[PDB]
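# Summary of structural features
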Amino acid sequence: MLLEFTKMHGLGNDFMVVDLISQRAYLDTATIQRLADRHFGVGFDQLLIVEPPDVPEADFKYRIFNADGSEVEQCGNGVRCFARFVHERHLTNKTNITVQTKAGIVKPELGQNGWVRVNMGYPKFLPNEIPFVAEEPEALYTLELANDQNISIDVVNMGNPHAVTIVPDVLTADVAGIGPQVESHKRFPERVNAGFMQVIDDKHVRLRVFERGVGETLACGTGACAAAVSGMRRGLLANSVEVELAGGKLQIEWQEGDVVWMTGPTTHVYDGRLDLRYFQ
Ligand SMILES: [Cl-]
């Protein structure tokens, strides 16, 4: 009668996580919106449901929905919460899980104290792969803003589009004024996640991200990937980098020609139970 769930977050990107292997529930778009509501519902950035696999080689399937009920994720943190969750719920004893997702097979690696290592795929850089309006691929690009202000950006696609600019001080960066101008720039026809990176040294950076359609967020994981990859391409960063997001720290590893590896934390906040009827 009652749906059990777990509230989790990854550096403040917060999830409602539901075992739909030992449970069954009908969750349409409106029900997800009602559950997501911070005042009337559970309150979450995304909903993650664990489901029986469709293919014999997967241990699990999952799907991730936004607060408005659409099946979308911008930052790629949910995979880490998933890997922790199936362990915490005793759904498996394996720490190298094979999971079927909307992007194919993923094999997250759960380690110590809730940290999870994730294959984030290959970065893409060509303008038409971002998408970004530019005649030729370059190392950096000048982007024109309002009132004759310009910034230098690098572009990366991690499945979603990113533009990374380097600032001397992440605390004083004009994210509120510059972010919207980048995120909706005419040169980004599908909009873009705008990252503002301060380089502390070759192994440590700080990063604020103005996310597409959202604004500044605590923990854009693909944005951390894009910033670290960009700093490596510019010859500023080593091939393993701690990125301090607004929500906390995680690690990015990359070498040109290989995939990006992200190792990030997870947090178990509380276990809950609710009567789904009051939300359907
Ligand atoms: Cl421009």
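The numbering shown runs from 1 along each chain in the order of its written sequence and may not match that of the entry; residues for which no coordinates exist are omitted. Computation of side-chain values covers all heavy atoms of the structure but excludes hydrogens and water. Residues with missing side-chain atoms are left out of burial classes, side-chain pairs and their counts.

The deposited coordinates, according to the entry record, derive from X-ray crystallography at 1.8500 Å resolution.

### Section: empty space enclosed by the protein
Quick reminder of the rule: Within this scheme a cavity is a closed region of a 1 Å grid, computed over the protein atoms alone, that accommodates a 1.4 Å probe without allowing it to escape, whereas a pocket is open but has protein on both sides within 12 Å along at least five of seven lines; lining residues each have an atom within 4 Å of a point. Grid points are joined across faces, edges and corners, and a volume is the space filled by probe spheres set on the points. Under the DSSP-based scheme used, a helix requires at least four consecutive residues in state H or I and a strand at least two consecutive residues in state E, with every element numbered from the N terminus. Each residue gets one of three labels, nonpolar for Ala, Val, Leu, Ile, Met, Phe, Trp, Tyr, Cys and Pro, charged for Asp, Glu, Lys and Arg, and polar for the others, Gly among them.
In this structure, the largest cavity encloses a volume near 40 Å³. If you trace the largest cavity, you find it lined by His162, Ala163, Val164, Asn193, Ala194, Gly195, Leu207, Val209, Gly223, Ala226 and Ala227. Residue assignment for the lining of the largest cavity shows that the elements contributing at least two residues are β11 (161-166), β12 (193-201), β13 (204-211) and α4 (221-233). Across the lining of the largest cavity, the residue classes tally to seven nonpolar, four polar and no charged. Put simply, the second largest cavity is a space of about 30 Å³. Surrounding the second largest cavity, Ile151, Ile153, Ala163, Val164, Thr165, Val182, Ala194, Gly195 and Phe196 form its lining. Elements with a contribution of two residues or more to the lining of the second largest cavity: β10 (150-157), β11 and β12.

### Observations concerning α4
What counts here: One less than the number of residues in a helix, times 1.5 Å, gives the span that helix is expected to have. Exposure categories follow from relative accessible area, calculated using a 1.4 Å probe and restricted to protein chains: below 20% of the type maximum is buried, above 50% is exposed, and the middle band is partly exposed.
With 13 residues, α4 extends 18 Å between its outermost C-alpha atoms, agreeing within 8% with the 18 Å of an ideal straight helix rising 1.5 Å per residue. Counting buried residues in α4 gives 12 out of 13 residues, a clear majority hidden from the surface. Looking only at α4, the buried set comprises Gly221, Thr222, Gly223, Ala224, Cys225, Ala226, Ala227, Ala228, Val229, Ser230, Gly231 and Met232. Looking one or two places after α4, you find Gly235, whose phi comes out positive at around 75 degrees.

### Side note on the packing of aromatic side chains
What characterises a pair of aromatic rings is the spacing of the ring centres plus the angle enclosed by the ring planes. Convention followed: Geometry of aromatic contacts follows a simple scheme: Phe, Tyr and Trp rings, the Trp one being its six-membered ring, pair when their centres are within 6.5 Å, and the pair is stacked under 30 degrees between planes, edge-to-face over 60, tilted otherwise. For a ring to carry a charge above it, either NZ of a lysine or CZ of an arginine must fall within 6 Å of the ring centroid while also lying within 35 degrees of the normal to the ring plane.
Under the definition given, this model contains six aromatic pairs. On the basis of an interplanar angle of 75 degrees and a centroid distance of 5.8 Å, the ring pair of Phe60 and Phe82 is categorised as edge-to-face. Residue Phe60 is found in strand β4 (residues 60-66), and its partner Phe82 is found in helix α2 (residues 78-88); the two are separated by 22 residues along the sequence. What makes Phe60 buried here is its relative accessible area of 4%. Classification of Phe82 as buried rests on a relative accessible area of 0%. For the pair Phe132 and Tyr141, a centre-to-centre distance of 4.9 Å together with 80 degrees between the ring planes defines the contact as edge-to-face. Residue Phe132 is classed as buried on the basis of its relative accessible area of 6%. Joined through ring pairs, the aromatic side chains of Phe60, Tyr62 and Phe82 make up one cluster. The ring of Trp261 has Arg117 sitting right over it, with the charged end atom 3.7 Å from the ring centre. The ring centre of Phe125 lies 3.8 Å from the NZ or CZ of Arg233, which sits over that ring.

### Describing the layout of surface pockets
Under the convention used in this document: Either an automatic procedure or a domain database provided the assignment from which the domain bounds are taken.
In this structure, the second largest pocket encloses a volume near 250 Å³. Partitioning the lining of the second largest pocket into residue classes produces six nonpolar, six polar and four charged. For the lining of the second largest pocket, the domains that each give at least three residues are domain 1 (1-116 + 264-280) and domain 2 (117-141 + 153-263).

### Focus on the UniProt feature "binding site: substrate" in the protein chain
Stated formally: UniProt positions are given in the numbering used here, feature names are shortened, and annotations may be inferred rather than shown by experiment. Note on contacts: a residue pair is in contact if any heavy atoms of the two residues lie within 4.5 Å. N or O atoms within 3.5 Å of each other form a polar contact, as long as, within protein, one can give a hydrogen and the other can take it, and as long as residues adjacent in sequence are counted only when both atoms are side-chain atoms.
Under the feature "binding site: substrate", the UniProt entry names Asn13, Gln46, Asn66, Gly76, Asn77, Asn160, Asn193, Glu211, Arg212, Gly221 and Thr222. Those annotated residues lining the largest cavity are, specifically, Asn193. Topologically, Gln46 is positioned in strand β3 (residues 46-51). You can call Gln46 buried: its relative accessible area is 9%. If we skip the residues at most four places from it in the chain, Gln46 touches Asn13, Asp14, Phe15, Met16, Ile64, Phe65, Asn66, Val72 and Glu73. Side chain to side chain, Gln46 and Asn13 meet in a polar contact 3.2 Å long. Note on placement: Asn160 falls in the loop between β10 and β11. Assessed through its relative accessible area of 6%, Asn160 is described here as buried.

### Thoughts on the sheet that holds strand β2 (residues 13-19)
Counted only if it meets this: Being paired, for any two strands, means DSSP has found at least two bridges between them. Between N-to-C directions, angles span 0 to 180 degrees; the directions come from axes that are lines fitted to C-alpha atoms, helices contributing only their stretch in contact.
If you walk across this open sheet you meet the seven strands as β6-β5-β4-β3-β2-β1-β18, and the pairing is mixed. Here the strands that pair on one side only, and so sit at the sheet edges, are β6 (104-106) and β18 (267-274). Sheet twist, expressed as the mean angle between neighbouring strand axes with direction ignored, is 30 degrees. Pairing geometry for β2 and β3, over five bridges, is parallel. Within β3, the residue paired with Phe15 across the bridge is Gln46.

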